[PDB]
Every structure is written in structure tokens, then in C-alpha cells.
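Let me begin by presenting the structure, written as C-alpha cells, before commenting on it.
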Amino acid sequence: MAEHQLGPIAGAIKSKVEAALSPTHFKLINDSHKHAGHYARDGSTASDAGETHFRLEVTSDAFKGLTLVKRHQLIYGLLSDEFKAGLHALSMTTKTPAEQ
């Protein structure tokens, strides 16, 4: 018993919220970076390569067995808000084998 409630930080976060109805652990961090329409040398933000300002990590039992893409389809929250920022993202999920 120790509820840590995280509100709607960004659009992508709502995806993890769906998973919240299931027994699991969900870590979602979305930094992103808005582009300044004023334009000095700010909207030119593009330094990422593989730096990632968004990552979705969901842990069930903490023993990877099933394909990580399986749970990712459930949330469909990857590559939307971070792409708006201009950065990349990485998503990994650990869940016990679906073959039990």
C-alpha cells in the first residue's frame, strides 16, 4: 500500500494508464522538446541519434518470456509525442511467458 499517482503529463502517458488496470509495473518518462516558432537557433533542435527523450518500460513479474512486441501492441503509445519533439524513443517490456 503506497499509491504514487502520476497525472496526464503528455498524450503518450495515457497509454500506460490503460495498463494500470492490470497487475504490473509501468515506467513511462516523456521529456520531449517543443520547437520555438520565434526561431533564433532553438527550433533547430535535432541532437538525438539514439538519445531518446521517451521510453516505455513495463514489468510484469520481472521475468521476460513472451515477445516484448506483444505487450507493446496493447498500449500503442510508442513513437508519437517524442517524434513531435524530434527525438527518438525505445520501448522494452518484461512479462512472464504467455505459455504457462
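How things are named: the first chain in the C-alpha cells is A, the next is B, and so on; residues count from 1 in each chain; ligands count from 1 in the order shown.
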
Practice problem: Just list the residues in chain A DSSP gives strand (DSSP E) on the backbone, as a PyMOL selection string. | Solution: chain A and resi 25-30+54-60+89-95

Go ahead and save the picked residues with C-alpha atoms, as an mmCIF file, in the first residue's frame.
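Listing of out_16.cif after writing:
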data_model
loop_
_atom_site.group_PDB
_atom_site.id
_atom_site.type_symbol
_atom_site.label_atom_id
_atom_site.label_comp_id
_atom_site.auth_asym_id
_atom_site.auth_seq_id
_atom_site.Cartn_x
_atom_site.Cartn_y
_atom_site.Cartn_z
ATOM 1 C CA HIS A 25 4.674 -2.068 -13.110
ATOM 2 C CA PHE A 26 4.803 0.709 -15.690
ATOM 3 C CA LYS A 27 7.564 3.267 -16.074
ATOM 4 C CA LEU A 28 6.914 5.999 -18.616
ATOM 5 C CA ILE A 29 9.105 9.060 -18.947
ATOM 6 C CA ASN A 30 8.395 11.645 -21.612
ATOM 7 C CA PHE A 54 10.835 8.959 -24.203
ATOM 8 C CA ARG A 55 10.959 5.366 -23.016
ATOM 9 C CA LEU A 56 8.227 2.946 -22.021
ATOM 10 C CA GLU A 57 9.132 0.135 -19.644
ATOM 11 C CA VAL A 58 6.505 -2.266 -18.316
ATOM 12 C CA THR A 59 7.408 -5.030 -15.887
ATOM 13 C CA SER A 60 5.149 -7.954 -15.047
ATOM 14 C CA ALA A 89 12.347 6.525 -28.214
ATOM 15 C CA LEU A 90 12.906 2.974 -27.010
ATOM 16 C CA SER A 91 10.392 0.577 -25.503
ATOM 17 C CA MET A 92 11.118 -2.584 -23.553
ATOM 18 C CA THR A 93 8.708 -4.754 -21.624
ATOM 19 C CA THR A 94 9.327 -7.656 -19.321
ATOM 20 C CA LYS A 95 6.470 -10.080 -18.705
#

Self-check item: Exercise: range 44-48 of chain A partners within 8 Å, only C-alpha atoms, chain neighbours under 2 positions left out, as a list in words
Solution: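 Non-adjacent residues within range: residues 35, 41, 42, 50, 51, 52, 86, 87 and 88 of chain A.
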
Dump of C-alpha atoms for the selected residues, as a PDB file, in the first residue's frame:
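Saved result, selection-v3.pdb, follows:
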ATOM      1  CA  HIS A  35      10.120  23.932 -31.068  1.00  0.00           C
ATOM      2  CA  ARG A  41      18.529  28.895 -33.001  1.00  0.00           C
ATOM      3  CA  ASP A  42      16.197  26.781 -30.927  1.00  0.00           C
ATOM      4  CA  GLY A  50      19.724   7.482 -30.180  1.00  0.00           C
ATOM      5  CA  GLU A  51      19.488   9.666 -27.102  1.00  0.00           C
ATOM      6  CA  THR A  52      15.727   9.196 -26.606  1.00  0.00           C
ATOM      7  CA  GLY A  86      12.102  15.426 -32.843  1.00  0.00           C
ATOM      8  CA  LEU A  87      13.811  12.832 -30.665  1.00  0.00           C
ATOM      9  CA  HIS A  88      13.670   9.042 -30.721  1.00  0.00           C
TER      10      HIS A  88
END

Near range 80-83 of chain A, 9 Å: range 1-63 of chain A residue rows, closest pairs, only C-alpha atoms, as CSV:
residue,atom,partner,partner_atom,distance
A:10,CA,A:81,CA,7.5
A:11,CA,A:81,CA,6.8
A:12,CA,A:81,CA,6.2
A:30,CA,A:82,CA,7.3
A:31,CA,A:82,CA,7.7
A:32,CA,A:82,CA,5.3
A:33,CA,A:82,CA,8.0
A:52,CA,A:82,CA,8.0
A:53,CA,A:82,CA,6.6
A:54,CA,A:82,CA,6.0

Quiz item: If you measure from CA of residue 96 in chain A to CA of residue 20 in chain A, what distance in Å do you get, rounded to one decimal?
Solution: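 Straight-line distance from CA of residue 96 in chain A to CA of residue 20 in chain A works out to 17.1 Å.
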
Practice problem: Name the residues in contact with range 15-19 of chain A at a cut-off of 7 Å, using only C-alpha atoms, excluding same-chain residues fewer than 5 positions from it; report them as a VMD selection string. | Solution: chain A and resid 26 75 to 77

Written selection (N, CA and C atoms) as an mmCIF file, in the first residue's frame:
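The file below, again-v5.cif, is the result:
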data_model
loop_
_atom_site.group_PDB
_atom_site.id
_atom_site.type_symbol
_atom_site.label_atom_id
_atom_site.label_comp_id
_atom_site.auth_asym_id
_atom_site.auth_seq_id
_atom_site.Cartn_x
_atom_site.Cartn_y
_atom_site.Cartn_z
ATOM 1 N N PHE A 26 4.634 -0.056 -14.466
ATOM 2 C CA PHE A 26 4.803 0.709 -15.690
ATOM 3 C C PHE A 26 5.596 1.989 -15.451
ATOM 4 N N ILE A 75 -0.738 -1.041 -25.861
ATOM 5 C CA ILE A 75 -0.714 0.359 -25.451
ATOM 6 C C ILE A 75 -0.607 1.313 -26.640
ATOM 7 N N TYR A 76 -0.001 0.833 -27.738
ATOM 8 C CA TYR A 76 0.210 1.622 -28.971
ATOM 9 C C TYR A 76 0.645 3.067 -28.683
ATOM 10 N N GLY A 77 1.446 3.247 -27.637
ATOM 11 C CA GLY A 77 1.808 4.584 -27.194
ATOM 12 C C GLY A 77 3.171 5.036 -27.676
#

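When only C-alpha atoms are used to measure the gap to residue 22 in chain A, the shortest distance among A:4, A:71, A:34, A:64 belongs to A:71.
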
Quiz item: Which of these residues is nearest to residue 98 in chain A, using only C-alpha atoms: A:40, A:21, A:2, A:66?
Solution: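 The shortest atom-to-atom distance to residue 98 in chain A comes from A:66.
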
Practice problem: Please indicate the distance in Å from CA of residue 74 in chain A to CA of residue 3 in chain A, rounded to one decimal place. | Solution: 23.3 Å

Self-check item: Straight-line distance linking CA of residue 84 in chain A with CA of residue 36 in chain A, stated in Å to one decimal
Solution: 12.7 Å
